[PDB]
DNA sequence: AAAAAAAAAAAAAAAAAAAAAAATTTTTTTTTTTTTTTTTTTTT
DNA sequence: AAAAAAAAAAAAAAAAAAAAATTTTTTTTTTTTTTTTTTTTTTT
Ligand SMILES: Nc1ncnc2c1ncn2[C@@H]1O[C@H](COP(=O)(O)OP(=O)(O)OP(=O)(O)O)[C@@H](O)[C@H]1O
Ligand SMILES: [Mg+2]
Ligand SMILES: [Zn+2]
């Protein structure tokens, strides 16, 4: 019921405390379901099955069945939340009385609060009220331990001053010891205390929602005991919490308006491997067109460059790493370099790889890089803790670093990427950190040739500004020429304009994550083995290719290329999800490796090799 | 050989950690001085 | 034999003495960061 006094004082009175606690118990037990299920029974069943420590309830259901509580909720949320903690504790103990050891506490979260305010507009009129809001996490410190029921050693006599509850507002302070009667220098008993997880995030208004002439505004937020690490930086998150002012934040200091900071005790944060995967992946792997389906599922937002779609497929699935003895580093990573004249989807390719492949990061030879190739240690600014920011490769240790504009990286990045793909370990020796972080990168890269146009007369090495050892070890070199042509340009223009009209704001092969599950399955679980290839055929293949390449200015095919051939064979076997490499796979790996080698070779020699080796490129 | 560009050095400014600096009378006890009362010893 | 002086013991009151007692804030220091100058190094 209602009276002249305020809502908060009302709900503070004991009579209505029992009233609303009874009402919460009542609808917890009785609000069966939309369609007669008693959903609270099943929710509590799962809650205690995992020991989640936290229930969540829908505000629409709350208000619809019992509306007085819903109206009271934003007015004096703290008191209602405490009582619902107690009532939920009662009902969960009723369902499972064995729960008593489990945390002695249940939190309750409220979802779908109808009235969302915007971080631009949170005024005095929302203090001490439960609001709903949206934003992006700009920072999120680590999980810290907070006092929740603290016991103090009176260090005059070592009496254990009993467990004081710790509100978020002001630090608890014992008056005196019940034994020796001193307000002594008390100090926390580290053990008998039962702490509580504390994490501090900072959300800000999303640029997609910020207005024209503006700076997005940022509100702090505190996560406690179950929601810590429920959201990482850059996550678009809805936040529901008690917008809050009265803790100790106030500019009572000199030189300041009497102006208060604010926080949000977050009461609900909402962001915005498997089984049967073997079944689906193997069932489609039966099809045996799966190689071309993968080749046509890789990079659908690009036209042409089928050679590079295939090549990046082989780079994505990789080979296998081996070490005969503890003496020979032979690698499973297939490194790729697109070299292309401008405006030919190099960065488009790279961003597709970043989107699709797990443990992918992006980096640029220029200084605009999100993540850097070098490794450095400093005090990271948004956290101000002294990190070892290990570079881009190490951060992409398993999967892919993607080096866009590979042809302009500063000489330090040249040194670092060379030493990465050569050693496969990045050797840091800056402050006192003389270590070697292993970097099993699978580098993809893009490079614009000299003069902004590919020059078929000169060779690849001398018309791209990447020095010989760097250009060598890349398992695939691909050339991208923007050759003017009627039908090609017609097709490209029609595709682009179709995308544009489709992407007007009025209109608002295998799927990509299907391919991603395929990627991890065939990258870790499946290791095709090789005793089933015409060893003599490939040995004579190297013989014939190098024998033709014997000439001046004709740096020949070598063992680098023959091991790259085996890597590509394994990769195609992986791609076929087989457990044994087959002559078909060996033929395809031969085809792609030889295509890469001839197109590396300049025009006249390219035509000689193409004419005399068309039998393999025929397949 | 001199000009342009880049890298490193020098110097000022800021943020946090941890060691220093400052404030700071009132109530209870209990010994000592004084008085008082009952008794015994001595004198009229 | 009665009166009285003295003795010891008991009590009240005033002066002196006894005892009790962590917390908050400020400042130096260290350490990085940033700007701008100077220096050095690469180019035509
Ligand atoms: N084959 C293609 N299919 C689709 N879009 C393409 C293709 N070739 C070029 N484009 C378009 O060209 C534009 C430039 O693409 P991209 O970012 O890859 O440039 P680039 O050639 O790598 O240039 P740069 O050297 O400046 O990085 C993008 O709009 C991309 O869509
Ligand atoms: Mg590009
Ligand atoms: Zn004590």
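All positions are counted from 1 along the displayed chain.
Positions of Cβ are set from backbone N, Cα and C atoms, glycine also.
Annotated by Swiss-Prot as zinc finger, the relevant range among A:127-153, A:154-180, A:181-207 is A:154-180.
Of the candidates A:12, A:301, A:357, Swiss-Prot records phosphoserine for A:301; the remaining residues carry no such annotation there, which does not rule it out for them. Record note: among A:468-471, A:472-475, A:476-479, A:472-475 is the stretch given as motif 'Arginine finger' by Swiss-Prot. Swiss-Prot gives the label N6-acetyllysine to one of A:41, A:271, A:346, A:529, namely A:41. In sequence order, the recorded positions near residue A:348 (ADP binding site) (Cα within 10 Å of its Cα) are A:301, drawn from A:3, A:41, A:206, A:301. Of all the recorded positions in the list A:3, A:41, A:301, the shortest Cα-Cα distance to residue A:347 (ADP binding site) is found for A:301. Applying DSSP to the zinc finger (A:154-180) sorts its residues as follows: 0 helix, 8 strand, 19 coil. For residue A:41 (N6-acetyllysine) paired with residue A:206 (phosphoserine), the C-alpha to C-alpha distance reads 38 Å. Neighbour density for residue A:348 (ADP binding site): within 10 A of its CB lie 14 other CB atoms from the protein chains shown.
Between the CA atoms of residue A:206 (phosphoserine) and residue A:301 (phosphoserine) there is a gap of 27 Å, rounded to the nearest whole number. Counting neighbouring Cβ atoms within 10 Å of each of the recorded positions (A:301, A:347), the lowest count belongs to A:301. Under 6 Å, Cβ to nearest atom of ligand 1: this is the test, and of the recorded positions A:3, A:41, A:206, A:301, A:348 it is passed by A:348.
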